[PDB]
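Lettering of chains follows the sequences in order, A, B, ..., and the numbering in each one begins at 1.
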Amino acid sequence: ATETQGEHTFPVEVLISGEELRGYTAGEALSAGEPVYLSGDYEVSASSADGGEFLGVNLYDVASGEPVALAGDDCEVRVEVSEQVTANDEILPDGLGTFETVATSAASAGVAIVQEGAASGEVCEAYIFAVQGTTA
Amino acid sequence: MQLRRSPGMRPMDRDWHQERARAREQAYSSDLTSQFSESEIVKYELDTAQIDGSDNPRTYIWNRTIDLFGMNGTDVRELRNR
Amino acid sequence: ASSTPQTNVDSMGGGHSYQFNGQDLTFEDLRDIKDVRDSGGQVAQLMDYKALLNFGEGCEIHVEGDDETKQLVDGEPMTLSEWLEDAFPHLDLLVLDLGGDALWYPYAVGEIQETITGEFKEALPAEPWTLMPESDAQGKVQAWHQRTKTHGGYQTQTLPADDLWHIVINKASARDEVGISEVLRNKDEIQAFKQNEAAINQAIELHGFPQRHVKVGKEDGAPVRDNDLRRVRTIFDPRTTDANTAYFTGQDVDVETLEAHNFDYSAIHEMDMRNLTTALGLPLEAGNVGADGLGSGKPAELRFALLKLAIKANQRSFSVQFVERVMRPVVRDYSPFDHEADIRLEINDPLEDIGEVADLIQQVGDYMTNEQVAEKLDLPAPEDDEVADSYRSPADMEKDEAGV
Amino acid sequence: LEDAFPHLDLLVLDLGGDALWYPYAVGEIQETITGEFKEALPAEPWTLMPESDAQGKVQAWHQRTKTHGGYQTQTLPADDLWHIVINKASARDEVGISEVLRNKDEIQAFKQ
Amino acid sequence: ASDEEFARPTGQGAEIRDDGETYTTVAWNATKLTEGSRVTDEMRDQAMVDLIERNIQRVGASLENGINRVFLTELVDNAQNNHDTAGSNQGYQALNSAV
Amino acid sequence: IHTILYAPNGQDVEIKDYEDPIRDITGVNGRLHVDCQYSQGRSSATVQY
Amino acid sequence: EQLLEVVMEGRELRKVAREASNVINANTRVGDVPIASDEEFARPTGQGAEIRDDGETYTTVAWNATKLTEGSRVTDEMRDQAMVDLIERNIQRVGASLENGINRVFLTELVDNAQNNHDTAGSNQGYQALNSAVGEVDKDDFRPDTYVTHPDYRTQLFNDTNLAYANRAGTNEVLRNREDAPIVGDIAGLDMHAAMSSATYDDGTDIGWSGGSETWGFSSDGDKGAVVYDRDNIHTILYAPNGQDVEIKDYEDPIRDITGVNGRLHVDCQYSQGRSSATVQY
Amino acid sequence: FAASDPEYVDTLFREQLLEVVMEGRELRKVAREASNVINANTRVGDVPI
Ligand SMILES: [K+]
Ligand SMILES: [Mg+2]
Ligand SMILES: [Mg+2]
Ligand SMILES: [Mg+2]
Ligand SMILES: [Mg+2]
Ligand SMILES: [Mg+2]
Ligand SMILES: [Mg+2]
Ligand SMILES: [Mg+2]
Ligand SMILES: [Mg+2]
Ligand SMILES: [Mg+2]
Ligand SMILES: [Mg+2]
Ligand SMILES: [Mg+2]
């Protein structure tokens, strides 16, 4: 995810605020800002759609098997949305490396709250407030 | 993160040694519930201390109500044949 | 034996050296020392007095066999002492500044500076809180890292250990080349002193002065509300009351007093000062306190002996390092003289009594050369070698000569 | 000797200090590269302990010191260190006594 | 103290996790061992050899044998490893295998 | 493997020689309190027949 | 009188990787070692014909050092009331845990990525297995100089009559001093022995670690019990931001009565030439 | 996230290359020692027996 100044592209800093940065092994190659979930013992993988799969967002690009830093509950983050979002939208993993609204998904509860709105395919600012695991 | 009361930490605490030793010296029996506070039994893990009254000096010191011979205060584990 | 050390030197635990203890300072620790110094008050004055005792009385340069060094420097003849006295004109100020810094901070530190022509200008001290040494596995300094405020930013740089010099009074061991700040070493005593000062000052405001308490209404009688007390407050208002105001009331108004509740803040200040002075190694008298049974006789002789001994230890420690790390390199690099010469820098005793020296000279001068008398009495030696080398006084040699 | 030990007043205060605090002061002889005498060099006494034979004489010195990520350890022969003891249990004692550890109860009582 | 463990791979910026030293204890309960003997004054006097030194030596030797029994019984019963020789290779090879 | 020795007074085996003046007998007695415990029983192996 | 001022130690693992491999103190957490192509044979040609090119080709082995960490946090109430220095004890534990970490990274690379294997199939597991494994490396035109060994393998090796009998070893040092014997570090042309602990290899059973491909051991069908290799062709790459090596830091909490000690190091381990190495299999 | 290596690995620094190139497989060379060497005057020749 990127910001433009003149002719230049700069990478966005995925983290705005928070101390809840935690370490996992990557179960696959991951890109900064992707939502991820537990897929093995201390191992994280890219989240699929419609909930039950979110521990946090990957903070820097990693190859498979590398140690990944991840931001979770209490963190405030810059993340790319799949669709237009507005302040107070709940959002969750889209299955495409982006987020989308709870309203759009088949799920009924989100993982982050949009603090600053964004158009499709660009960065919102959001606060991560929950994790989702396998409830069956 | 370990607090001084945390279970893996108790053997590091000087007070856990001191109060277990002091508990053994105070007891007359292994019956902890009778002799000690529920707090002491938990905090100093007195189930694990070999409390039985054998380490209390008053178990061995004579203290008869009438003493015409100055026998009181003799400790039997200090005699010729102990 | 061996040409290199074979014992290890306990320094590099893997941080800057090791982070748990006073061997490692960040620039924040260094700026904490600076903040203790610049924040003034009794703590700052006491450590400024410690510098004045150790280094304030000024200094003298000696060279053994100085006369044998006589050389034409620039057509002008000089000895090495005369060259050094010209190379360091204001050495009293330099010794006091460096010696002060080396008591506050772990080290004094500075550069050598040159005239454009390449001739020696001065040994230029640097601001010690801005600099920290980097050292090796055997504890020797190899580089200096500097951080300094500029335009609200922090211009930062690293320098080699080769062209700086540094001096340590407070060594942790004979092998320590980084030293200890006495301010950081005694930080708890400093904070205790400041907290008790703040506590006393606040307690004096609350409790040092009596306060008027007017109680209104009869006990177990009719209640009095706030808007009722506002009218009573208007009468007994200390703002408009004066020294000889008189009051007339019914039976149901009582002018009670919060008395000034006595506490011995004098004893608390004395105890704080007793801790702080002793922690800093100063005598108790430097804190404007003093003690019973201690002002006279052998008790006084002891505390003053201990103080002078502590001063001598610091003075020698400074003297040797200044000669070895500053003067000899300056002689070697900018002087026509031999740098291997027996230079000594000595610093004066702050607590010397000239009257005791005078008594000594009256008592046993008949066993001292005129030179030794001039040395003890802090005077220039006689101009004529026999007059200096002789034992009968120069005035006696003059009257004996006038007898011819 | 006065040229071999120019700063002996400082060295005596350092070693004499150490030998009051610790059980011993201890150190090395040092040479120049040419093999002329350089100095007697003190060693940090808290890092070193003596190993002694059956008649109490020091045979080797065992050192451990802070290092990257913990402690680094070595043994040195007693034949090329030197050591000095002020406080002794007996005139036979080659290892000595720390007056700090000897009076540790009084120090703790004071601090408490 | 608990055994040495292994550090864990960690992403940069992530929280270092706690795995501090944890403790347990081994209890001791010193059992009193005793030995004694008695000699009459007439026997102490008439014997050609010092009976009180002989009895001090016996008491000392008997206490030492007691200490030595307590040691061996602990040592043999509470060893956690074992090499079973199964009636074979019982010399050096068994000793090496137990190491 | 730790041999733990305890003595209420002194440091090692108490050996008492005393005479009873009533019976004209010297008694020689001795005692020690002893336990033995491994700190790490994994640090040993028995050899078994 | 005062109680026992003592703590009894736990199990300590064998630490050898810094000696048993080429150690690189890297300037960057990621990097590359350049590798040249193998030697070839000059081709036959006729007179006056053009000499064809077959120049030196190159590649790299990437290193990608991973931050190993270990940490501890304790209250100052505990730290002040402790039997011994708790911070010294946690420092020693943290340092040990990171050395164990290096040794796990090293041994897991060493065992998994060795390109040759000698299968003993039970049978002649002593000196003949070491000689055979040197043969496997020699058959790929490299020469090994070191071996790394499991406790089970050591036990087998010191039962071998070729080492255990003074006539056959030429010295009684193996019978007397076992592992410390100088012959054990000077055998089959290998001039170093590196005795490993059993727990060192990455089974994947430990928390935060995902296992290697092999089984490390020498007591069941198919275990890898030793590796015979060239020490100059296996790299342990250490990176540290604030020095050459492992850094321990003393945390103190800004608010709570809490102190702690945290250690870190970045390590990778990579073969330069995996053909220079052979495992020995049970 | 906060500034970190994998974001700037080719922007604020360059990855290290080790300056020593590691060798490939080298074959054993012995023929010059292991046989008599003739420096022939002609490409084609005969030795009589
Ligand atoms: K959908
Ligand atoms: Mg926050
Ligand atoms: Mg939270
Ligand atoms: Mg009413
Ligand atoms: Mg672990
Ligand atoms: Mg653990
Ligand atoms: Mg690269
Ligand atoms: Mg062509
Ligand atoms: Mg080719
Ligand atoms: Mg092969
Ligand atoms: Mg041996
Ligand atoms: Mg022909």
Inspect the surroundings of [atom1] in [X] and state if more than 12 heavy atoms from other residues, nucleotides or ligands are less than 6.0 Å away.
X       : atom1 : result
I207(G) : CD1   : no
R64(B)  : CZ    : no
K15(G)  : NZ    : yes
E19(G)  : CD    : no

(request) Check each atom of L86(G) against the heavy atoms of chain B and say whether the ones under 4.5 Å are side chain, backbone, both or neither. (result) side chain

(message) Out of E5(G), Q81(G), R89(G), return the one with the most heavy atom pairs under 4.5 angstrom to chain B.
(response) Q81(G)

(message) Please evaluate residues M12(B) and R79(G) with respect to the criterion side-chain contact (heavy atoms from CB on, under 4.5 Å), reporting the C-alpha separation (whole Å), side-chain torsions for both, the decisive distance (0.1 Å), and the verdict.
(response) CA-CA 9 Å; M12(B) 268 296 99; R79(G) 169 181 159 237; over 6 Å; no

(request) Hey, could you give me the CE/OG1 distance between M9(B) and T75(G), rounded to the nearest 0.5 Å? (result) 8.5 Å

(request) Please round to the nearest 0.5 Å and tell me the distance separating atom CE of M78(G) and atom CG of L3(B). (result) 9.5 Å

(request) Just give me the residue among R5(B), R14(B), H17(B), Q18(B) that pairs up with chain G most often, heavy atom to heavy atom, under 4.5 Å. (result) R14(B)

